[PDB]
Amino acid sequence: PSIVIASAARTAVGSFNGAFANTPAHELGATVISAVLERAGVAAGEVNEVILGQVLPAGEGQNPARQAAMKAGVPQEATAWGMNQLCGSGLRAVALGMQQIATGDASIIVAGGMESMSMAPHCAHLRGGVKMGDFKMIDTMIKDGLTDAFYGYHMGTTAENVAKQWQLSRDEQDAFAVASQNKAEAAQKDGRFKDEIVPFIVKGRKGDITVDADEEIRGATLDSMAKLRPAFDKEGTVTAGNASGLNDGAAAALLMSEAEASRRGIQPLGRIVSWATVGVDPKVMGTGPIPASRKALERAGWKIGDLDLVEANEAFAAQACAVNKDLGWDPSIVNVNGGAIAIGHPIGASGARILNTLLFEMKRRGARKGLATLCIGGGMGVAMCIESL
């Protein structure tokens, strides 16, 4: 069975406590569900299921994937669920939605991810009761999203471990970070993000604001980048500049069979050729994309040289340089419009976010074979091969 991506859309990536500071994730997810339906000419009443990845849904209510589907007009007869594979959630949900059609259980699937790291609350177990002494209010964003559960340190420390084995210097990681900021700024100026971004209306206060530009894209320098202090180790190289940030946003895609798209006259954004997920050492979780991409290319019958465009998520400059050095693909075809260092990193949605950038760049330049991949906390990776029609 051949499954294609009929359409795709994403919101602008908002800053931490920025444009989407008081916007729940399902509200961002509802906008993207409506957009992928409008861009493909498919009504909300035709959706069988909505599958949205989300890592931090605490305090948002019962099944935020169902809340986003309801507000987008998807009828009550359909189903909706969320899933959590950390940073690979947004891309895995696309593969999960693909399998719904491959097994014959659904026809039209809206798959992607949504995340509101700004709305992540502080929690504390209080049922037993704190009779005496102080107790900690746990940040769910740090605890459930950014801290390794086996070794106890942040995901930035894992980038320090990757920097040690590959011997990646501070100046090399800053050169990668500056390159990402300059490619993302150039892509924003030329309007290459307009096709994939759907505007979001932030209701509240006294005026309604339309958000249609990635809020982190502002540019940077090499003199101001090397003056930053390391945020994870006193003698480390990972700083706040060469590492991805905390962001809000959503991204999704409309899935259907290749024969179904031909019957509707739809021109798909690409054909899902294969996907893969593999685990690695949690100490070097940034290496996830290395075996995940290899297995994805092996299942597709492709070689590394056959790829025309690559979207490798830039969780950290240290891990991103390590993946490129091992796979050896042409770095000029990897993240041609910037990466998460400049655009942002909403964990649950980034998987579908970089899939949107991959699909719309493959369309404008005429690329035939593409690949998207991300590293996953806890020692995992996920990749997917896309081919045009």
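Quick note: we count residues from 1 along the sequence shown, nothing fancier.
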item: Stretch with the higher entry mean CA B-factor, where the candidates are 375-383 and 15-23; value: 15-23
item: Comparing 217-225 with 275-283, the one whose average Cα B-factor in the PDB entry is higher; value: 217-225
item: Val74, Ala163, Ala312, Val178, ranked by C-alpha B-factor: the highest one; value: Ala163
item: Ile290, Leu297, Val198, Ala231, ranked by C-alpha B-factor: the highest one; value: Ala231
item: Third of the chain's Cα B-factor distribution that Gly249 belongs to, per the entry; value: lowest
item: Modelled-residue ranking by C-alpha temperature factor, third containing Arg92; value: middle
item: Chain thirds of CA B-factor: placement of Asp208; value: highest
item: Lowest, middle or highest third - CA B-factor, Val202; value: highest
item: Third of chain Cα B-factors occupied by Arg170; value: highest
